[PDB]
Amino acid sequence: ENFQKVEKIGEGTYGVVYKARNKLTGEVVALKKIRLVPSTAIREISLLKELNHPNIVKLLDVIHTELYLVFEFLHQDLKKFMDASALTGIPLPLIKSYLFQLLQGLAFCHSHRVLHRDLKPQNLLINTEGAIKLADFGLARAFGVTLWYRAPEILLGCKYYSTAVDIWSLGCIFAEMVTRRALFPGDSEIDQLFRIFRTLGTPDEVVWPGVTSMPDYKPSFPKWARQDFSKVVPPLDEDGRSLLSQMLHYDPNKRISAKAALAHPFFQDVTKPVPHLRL
Ligand SMILES: CC(C)(O)Cn1cc(-c2nc(NC3CCN(S(=O)(=O)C4CC4)CC3)ncc2C(F)(F)F)cn1
């Protein structure tokens, strides 16, 4: 009744997303219809209405009548942009700008103990003004599949994972912007873990204390040597490779925080370019 659906723009784990217009006000929004409401989800989603930041997609309204989530609408995601930019690549100053802004978004959310848990290029939304924003923060915790961006602690069965899972995912996305190919495109959970291990080396107690005690760890995992890191994201410079290395540390406690990543020398020359978007 209150929204005219314009077109289907996405499908998440929790429901279909439509571009829609408010019939009273004329505001254009993204309207997510949540699939099959538990009272704890209502309370958790209501708290996310408060979590406002320029690099977080705004949750405008929660409508529990007879659950719909009304979000800010952006015109493109980073997957479509990367695919449009595949001949030439995204220029490094724009990659750097986007990574910086996404680390600002993560630093804000993490400072409020809110995790994303499922970052992927389709969750990263851009506009014509050079902004990039994170979509879906806090929904995984509120409500309770691409594996390519999943942290190794998740894949090894850790129940009580941390803000570090989002840094991992963002490092994977960073690498993909630079190289124009997904870093770890696994098509099952074991294929995902084995692709990580084939690049970064099979983890052991030296690099990741406690790893051999993790729920899904098996002593029978093959033991791959770690690849030379300059083979992973050529031709990214040593500042970018250093930052990526720190985002992809196995040990979640060693992995760089969003806040510390913002201070990395890679961002010494950061700027805010505007992308040419074809809408
Ligand atoms: C993935 C998910 C799980 O995040 C759920 N999901 C959420 C959205 C969403 N989408 C938009 N805008 C769209 C962005 C993609 N582009 S595209 O590149 O032309 C198209 C993909 C080819 C169309 C416009 N704006 C806001 C949101 C929200 F606020 F809801 F996040 C889309 N899917």
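- Method information in the entry identifies X-ray crystallography as the source of the structure, with 1.550 Å recorded as the resolution.

## Structural notes on the overall build of the protein chain
Thought 1: Scanning the protein chain from N- to C-terminus turns up nine helices and eight strands.
Thought 2: Radius of gyration (C-alpha) of the protein chain: 19 Å, near the 19 Å computed for a compact globule of 279 residues.
Thought 3: Projected onto its principal axes, the C-alpha coordinates of the protein chain cover approximately 60 × 40 × 30 Å.

## Concerning the sheet that holds strand β5 (residues 68-72)
By way of backbone hydrogen bonds, the strands of a sheet pair with one another, either parallel or antiparallel.
Thought 1: Spatially, β1-β2-β3-β5-β4 is the arrangement adopted by the five strands of the open sheet, whose pairing is antiparallel. Where the open sheet ends on each side, the last strands, each with one partner, are β1 (3-11) and β4 (59-63). Averaged over all adjacent pairs, the angle separating strand axes in this sheet is 25°, with direction ignored.
Thought 2: In this structure, strand β2 (residues 15-22) lies alongside strand β3 (residues 28-34), joined through seven bridges in antiparallel fashion. Each residue of the ladder has a partner; that of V17, found in β3, is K32.

## Considerations on the pattern of salt bridges
Thought 1: We note a salt bridge from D136 to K32, for which the minimum N-O separation is 3.8 Å.
Thought 2: Connected through salt bridges with shared partners, the residues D118, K120 and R150 form a single ionic network.

## A few points about the sheet that holds strand β8 (residues 132-134)
Thought 1: One open sheet accounts for three strands, arranged β6-β7-β8; its pairing is antiparallel. Both edges of this open sheet fall to β6 (76-77) and β8, since each of them pairs with a single strand only.
Thought 2: As judged from the two bridges shared by β6 and strand β7 (residues 124-126), these two strands associate in the antiparallel manner. If you follow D77 over to β7, its bridge partner there is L125.
Thought 3: Of the strands in this sheet, β7 and β8 touch helix α3 (residues 92-111), which is tilted by about 35° from β8.

## Let's talk about the domain arrangement of the protein chain
Often, the extent of an interface is quoted as the loss of accessible area upon association of its parts.
Thought 1: For the protein chain, the assigned domains are domain 1 (3-72) and domain 2 (77-267).
Thought 2: Computed from C-alpha atoms alone, the centre-to-centre distance between domain 1 and domain 2 is 26 Å.
Thought 3: Between domain 1 and domain 2, the contact holds 15 residues from the first and 20 residues from the second.
Thought 4: Of all the secondary-structure elements, those providing two or more residues to the side of domain 1 that touches domain 2 are α1 (39-48) and β5.
Thought 5: A total of four residues in the side of domain 1 that touches domain 2 trace back to one element, the largest contributor, which is α1.

## Here's the deal with the packing of helix α6 (residues 164-179) against helix α8 (residues 238-247)
Thought 1: For the pair α6 and α8, the least separation of the axes is 8 Å and the interaxial angle reads 145°. As α6 runs across α8, the sense of the crossing is left-handed. Along the contact surface, α6 presents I167, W168, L170, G171, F174 and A175, while α8 presents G240, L243, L244 and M247.
Thought 2: Here the contact of α6 with α8 is composed, by residue class, of eight nonpolar, two polar and no charged.

## Section: the packing of aromatic side chains
Two measures describe an aromatic ring pair: the distance that separates the ring centres and the angle between the ring planes.
Thought 1: On the numbers, 5.2 Å between centres and 65° between planes, the contact of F194 with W224 is edge-to-face. With a gap of 30 residues between them, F194 in helix α7 (residues 189-200) and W224 in the loop between α7 and α8 connect regions that are remote in the sequence.
Thought 2: Both rings, one in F197 and one in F221, keep their centres 5.5 Å apart while their planes meet at 65°; by these two values the pair is edge-to-face. Of this pair, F197 sits in helix α7 while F221 sits in the loop between α7 and α8; the two residues are 24 residues apart in sequence, bridging distant segments of the chain.
Thought 3: Within the aromatic cluster, the residues linked to one another by ring pairs are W168, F184, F194, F197, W208, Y217, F221, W224 and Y250.
Thought 4: Its end group placed over the ring of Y18, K5 keeps NZ or CZ at 4.3 Å from the ring centre.

Calculation notes
Residues numbered from 1 in each chain as written, not as in the entry; some residues may be left out. Heavy atoms only, no water. Residues with missing side-chain atoms left out of burial classes, pairs and counts. Helix = DSSP H or I, 4+ residues; strand = E, 2+ residues; numbered from the N terminus. Rg over C-alpha atoms; globule rule 2.2 N^0.38 Å. Pairing = 2+ DSSP bridges. Axes fitted to C-alpha atoms, helices over the stretch in contact; angles between N-to-C directions. Salt bridge = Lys/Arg side-chain N within 4 Å of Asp/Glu carboxyl O. Contact = heavy atoms within 4.5 Å. Domains from an automatic or database assignment. Left-handed = near helix turned anticlockwise from the far one by under 90°. Nonpolar A, V, L, I, M, F, W, Y, C, P; charged D, E, K, R; others polar. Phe/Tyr/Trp six-rings, centres within 6.5 Å; stacked < 30°, edge-to-face > 60°. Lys NZ or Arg CZ within 6 Å of the ring centre and 35° of its normal.

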